[PDB]
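There are 2 protein chains.
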Amino acid sequence: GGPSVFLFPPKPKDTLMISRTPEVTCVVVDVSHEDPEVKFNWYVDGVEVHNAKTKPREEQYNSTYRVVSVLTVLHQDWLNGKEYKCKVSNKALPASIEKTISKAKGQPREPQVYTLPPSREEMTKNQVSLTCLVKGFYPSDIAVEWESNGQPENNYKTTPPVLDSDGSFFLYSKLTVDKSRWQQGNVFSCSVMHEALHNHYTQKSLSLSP
Amino acid sequence: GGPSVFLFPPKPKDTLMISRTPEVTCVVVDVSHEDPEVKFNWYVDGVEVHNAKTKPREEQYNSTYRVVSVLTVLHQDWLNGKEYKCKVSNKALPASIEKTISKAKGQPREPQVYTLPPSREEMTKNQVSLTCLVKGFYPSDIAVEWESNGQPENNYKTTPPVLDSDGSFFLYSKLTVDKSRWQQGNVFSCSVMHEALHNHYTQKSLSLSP
Ligand SMILES: *[C@@H]1O[C@H](CO[C@H]2O[C@@H](C)[C@@H](O)[C@@H](O)[C@@H]2O)[C@@H](O[C@@H]2O[C@H](CO)[C@@H](O[C@@H]3O[C@H](CO[C@H]4O[C@H](CO)[C@@H](O)[C@H](O)[C@@H]4O[C@@H]4O[C@H](CO)[C@@H](O[C@@H]5O[C@H](CO)[C@H](O)[C@H](O)[C@H]5O)[C@H](O)[C@H]4NC(C)=O)[C@@H](O)[C@H](O[C@H]4O[C@H](CO)[C@@H](O)[C@H](O)[C@@H]4O[C@@H]4O[C@H](CO)[C@@H](O)[C@H](O)[C@H]4NC(C)=O)[C@@H]3O)[C@H](O)[C@H]2NC(C)=O)[C@H](O)[C@H]1NC(C)=O
Ligand SMILES: *[C@@H]1O[C@H](CO[C@H]2O[C@@H](C)[C@@H](O)[C@@H](O)[C@@H]2O)[C@@H](O[C@@H]2O[C@H](CO)[C@@H](O[C@@H]3O[C@H](CO[C@H]4O[C@H](CO)[C@@H](O)[C@H](O)[C@@H]4O[C@@H]4O[C@H](CO)[C@@H](O[C@@H]5O[C@H](CO)[C@H](O)[C@H](O)[C@H]5O)[C@H](O)[C@H]4NC(C)=O)[C@@H](O)[C@H](O[C@H]4O[C@H](CO)[C@@H](O)[C@H](O)[C@@H]4O[C@@H]4O[C@H](CO)[C@@H](O)[C@H](O)[C@H]4NC(C)=O)[C@@H]3O)[C@H](O)[C@H]2NC(C)=O)[C@H](O)[C@H]1NC(C)=O
Ligand SMILES: [Zn+2]
Ligand SMILES: [Zn+2]
Ligand SMILES: [Zn+2]
Ligand SMILES: [Zn+2]
Ligand SMILES: [Zn+2]
Ligand SMILES: [Zn+2]
Ligand SMILES: [Zn+2]
Ligand SMILES: [Zn+2]
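Protein chains in written order, with the UniProt record's numbering: chain E, 137 to 346; chain Z, 137 to 346.
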């Protein structure tokens with residue numbers, strides 16, 4: 137019946153690059169028309185804060201308003217497991233709605249990042265697959281990119297993180313490049329972002345072995 | 137309000153091994169108590185069939201019955217895209233409920249299966265990762281297993297299928313073995329089941345390269 141609140145973490149890579157600006161987004165839906173006005177309270181670890189930016193309310197094609205409040209989080213605060221509560225109040229609910237969010241909890245484990253060259257049997261086609269193996273990481277939040285002399289290789293696909301038998305995650309990234317490039321001798325680098333890396337970043341280069 | 141019908145495909149590997157017995161399962165839920173009796177109709181491509189086996193009805197801890205009907209499908213019929221309709225009738229619904237199911241549609245593409253040996257940089261620890269790369273397959277339904285001299289290696293994890301830039305899927309399987317075994321010279325084989333393989337099966341062996 138009453139409104140419903142949803143609270144969304146920042147983008148993983150906004151949290152891992154200190155130059156970016158991570159945000160937590162509080163969304164209330166099913167805002168009626170009779171009792172439309174809603175109040176946001178915000179708390180960082182149970183202490184009230186006032187720097188949130190609420191958006192002007194919008195009307196939905198089901199006879200309902202939508203109101204979003206955005207709060208910037210600090211890079212260190214997010215990574216240090218600080219907890220972000222959004223309180224939503226409306227003279228229509230029996231009581232207020234509270235939703236709390238933080239970064240995935242758990243002891244962090246630093247990834248091991250490995251590059252693997254094409255298979256022997258695959259050395260037949262004109263396009264080949266370059267493999268990044270990333271293993272032993274925790275939490276599951278991660279980002280992977282491939283690059284070659286400055287520019288980005290964007291012909292890649294990365295698997296979702298897979299929960300591994302020790303409680304850590306792994307994944308693979310597959311870079312597809314024209315084979316002549318592999319033989320020419322191009323440098324290809326898989327670059328990984330994860331909290332548990334030094335400065336949340338590492339790079340591994342792959343090359344035609346002599 | 138009325139009952140709800142759900143219709144479930146067979147297990148992927150039941151469909152890929154001709155010795156097994158795939159089944160489609162029709163589940164109706166929200167069966168009331170006042171109007172409890174339900175009738176299953178079944179059709180293979182719009183033609184009625186009578187070999188389904190309905191289970192004796194069970195009562196749910198929300199004041200509702202659950203009734204399941206199971207229909208065996210033929211191996212060839214399933215793989216040839218035959219369509220399986222379950223009709224559910226009850227003197228309580230404004231009208232009957234029909235749900236139709238078949239194998240994932242689309243032109244089949246045969247996987248390319250590749251085994252990759254541990255990374256140079258990973259050759260430091262006492263456990264190593266063996267990689268099966270399976271690529272270019274369609275539909276996404278697939279099964280992967282590792283084995284060594286007869287017995288199954290069960291210390292493996294396989295990624296979900298990832299949709300690749302050409303419309304085909306890929307995935308990787310990661311076999312973890314003690315490093316001494318890699319150096320001793322053990323044969324390790326990744327065995328893949330997919331519709332588009334000859335007899336829905338192939339095998340690729342991986343060994344310490346000399
Ligand atoms: C009236 O219409 C209302 C909507 O208006 C309309 O517009 C459309 C939605 C359309 O569908 C029309 O219906 C209509 O015209 C409608 O409101 C809707 O209600 C639903 C439920 O009642 C809501 O469903 C929830 O959705 C969540 C995900 O929503 C995201 O994804 C969808 C698309 O996939 C999208 O529509 C949403 O906008 C939202 O997108 C995300 O938005 C945030 C904020 O912008 C982004 O994050 C930010 O991104 C920016 C840059 O964009 C930047 O990166 C910031 O840093 C960052 O913060 C995301 O990027 C963005 N994602 C995407 C993909 O775009 C679901 O998670 C939620 O699931 C929950 O409940 C499920 C069961 O329903 C359950 O399965 C699930 O577990 C989950 O439960 C919670 O969550 C945890 C799991 O994650 C659990 O562990 C917990 O148990 C539980 N939480 C707790 C503690 O309780 C759910 O499905 C729907 O979002 C909402 N629609 C909108 C638009 O808000 C309303 O219902 C209608 N009225 C009536 C009468 O019904
Ligand atoms: C009263 O209580 C009822 C239940 O009794 C109780 O028991 C529990 C369920 C408990 O939760 C208690 O609540 C209660 O005590 C309750 O009924 C429930 O209603 C729900 C919806 O109203 C149903 O939800 C649906 O579930 C589907 C998946 O269900 C499977 O998985 C769950 C566990 O994850 C499990 O509980 C189910 O039993 C079922 O398991 C699968 O079962 C089949 C059959 O056995 C197996 O297949 C067979 O397996 C055998 C060997 O086991 C062999 O291999 C055979 O070959 C093979 O056939 C599976 O192996 C098995 N899986 C698992 C993991 O065990 C969801 O898919 C479904 O989603 C649909 O709707 C969603 C939104 O709700 C939507 O997101 C989604 O897209 C989807 O929509 C359809 O599907 C397509 C996507 O796949 C879409 O493309 C289509 O658009 C759409 N279809 C179309 C064409 O319309 C949904 O969530 C719930 O299952 C049901 N509970 C049970 C137990 O049946 C009832 O609601 C209560 N009453 C009231 C008043 O509410
Ligand atoms: Zn304030
Ligand atoms: Zn807390
Ligand atoms: Zn380090
Ligand atoms: Zn930092
Ligand atoms: Zn009959
Ligand atoms: Zn049809
Ligand atoms: Zn073949
Ligand atoms: Zn066959």
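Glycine included, C-beta positions come from ideal geometry on N, C-alpha and C.
Would you verify that the beta carbon of Z:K241 is, or is not, closer than 7 Å to some beta carbon of chain E?
-> no
Strand pairing of E:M329, partner residues [DSSP] | E:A279, E:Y337
Select from E:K149, E:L342, E:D166, E:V164 the residue whose C-alpha is nearest the C-alpha of E:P158.
-> E:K149
Hey, would you say the C-beta of E:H334 is under 6 Å away from at least one heavy atom of ligand 5?
-> yes
Element boundaries [alpha helix (DSSP H), containing Z:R317] = 315-320
Going along chain Z in order, which residues have a C-beta closer than 8 Å to the C-beta of E:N291?
-> Residues of chain Z with a Cβ closer than 8 Å to the Cβ of E:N291 are, in chain order, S301.
Anything in the stretch 306-331 of chain Z with a Cβ closer than 9 Å to a Cβ of chain E? List those residues in chain order, please.
-> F306, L307, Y308, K310, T312
When we look at the beta-carbon of Z:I278 and count the other beta-carbons within 10 Å, is it buried (16 or more) or exposed?
-> Under the 10 Å beta carbon count, Z:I278 is surrounded by 16 or more other beta carbons and is classified as buried.
Pull up the CB-CB distance for E:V174 and E:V167, whole angstroms please, since I reckon it's below 8 Å.
-> 6 Å
Please list the segments of the alpha helix (DSSP H) lying wholly inside the UniProt domain "Ig-like" (139-238) of chain E, counting only runs of 4 or more residues, in order along the chain.
-> 148-152, 211-215
Mark Z:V185 as exposed unless 16 or more other C-beta atoms lie within 10 angstroms of its C-beta, in which case mark it buried.
-> exposed
Residue burial classification, Z:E331 (beta-carbon count within 10 angstroms, cutoff 16) = With 16 or more Cβ atoms within 10 Å of its Cβ, Z:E331 is classed as buried.
Give a yes or no on contact between the stretch 306-315 of chain E and the stretch 267-284 of chain E, applying the rule of three or more CB pairs nearer than 8 Å.
-> With a cut-off of 8 Å, the stretch 267-284 of chain E and the stretch 306-315 of chain E count as touching, because enough Cβ pairs lie within range.
So E:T267 is in the beta strand (DSSP E); what residue range does that whole segment cover?
-> 263-273
Closer than 6 Å: is that where the CB of Z:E184 sits relative to any heavy atom of ligand 8?
-> no
So, do the stretch 216-223 of chain Z and the stretch 234-243 of chain Z have three or more beta carbon pairs nearer to each other than 8 Å?
-> yes
For residue 105 of chain Z, decide whether its Cβ has a neighbour in chain E, counting only Cβ atoms nearer than 7 Å.
-> Residue 105 of chain Z cannot be examined here, being either before or after the span of chain Z that is shown, 137 to 346.
Establish whether the CB of Z:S238 and some CB of chain E are separated by less than 7 Å.
-> no
Name the one or two DSSP bridge partners that Z:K293 has.
-> Z:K310
Reducing DSSP to helix, strand and coil, say where Z:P254 ends up.
-> coil
Secondary structure at E:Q287, three-state DSSP: helix, strand or coil?
-> E:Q287: strand per DSSP, three-state reduction.
Can you tell me which of E:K293, E:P297, E:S304 puts its alpha carbon nearest to the alpha carbon of Z:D300?
-> The option with the nearest alpha carbon to Z:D300 is E:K293.
Contact test: Z:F144 Cβ vs ligand 2 heavy atom, cutoff 6 Å | yes
In angstroms, rounded to a whole number, what distance separates the CA positions of Z:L333 and Z:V249?
-> 10 Å
Just grab the DSSP bridge partners of Z:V323 for me.
-> DSSP, once it has assigned bridges, lists no residue as partnering Z:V323.
Could you tell me which chain Z residues have their CB closer than 9 Å to the CB of E:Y250, listed as they occur along the chain?
-> Using a Cβ-Cβ cut-off of 9 Å, E:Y250 is close to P254, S255, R256, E257, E258, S265 of chain Z, given in chain order.
Please indicate yes or no: does the CB of E:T161 lie closer than 6 Å to some heavy atom of ligand 1?
-> yes
Measure the CB-CB distance between E:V264 and E:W318 and report whether it falls below 7 Å.
-> Against a cut-off of 7 Å, the Cβ pair of E:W318 and E:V264 comes out as a contact.
With 16 other Cβ atoms within 10 Å as the buried cut-off, status of Z:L152 | Looking at its Cβ environment, which holds 16 or more other Cβ atoms inside 10 Å, Z:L152 is buried.
Taking the alpha-carbon positions, what's the E:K241 to E:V180 distance?
-> In a straight line, the C-alpha of E:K241 is about 16 Å away from that of E:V180.
Using only alpha-carbon positions, find the residue among E:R156, E:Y197, E:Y201, E:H169 that is nearest to E:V141.
-> E:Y201
Nearest residue (CA-CA) to E:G182, options E:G303, E:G137, E:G138, E:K223 | E:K223
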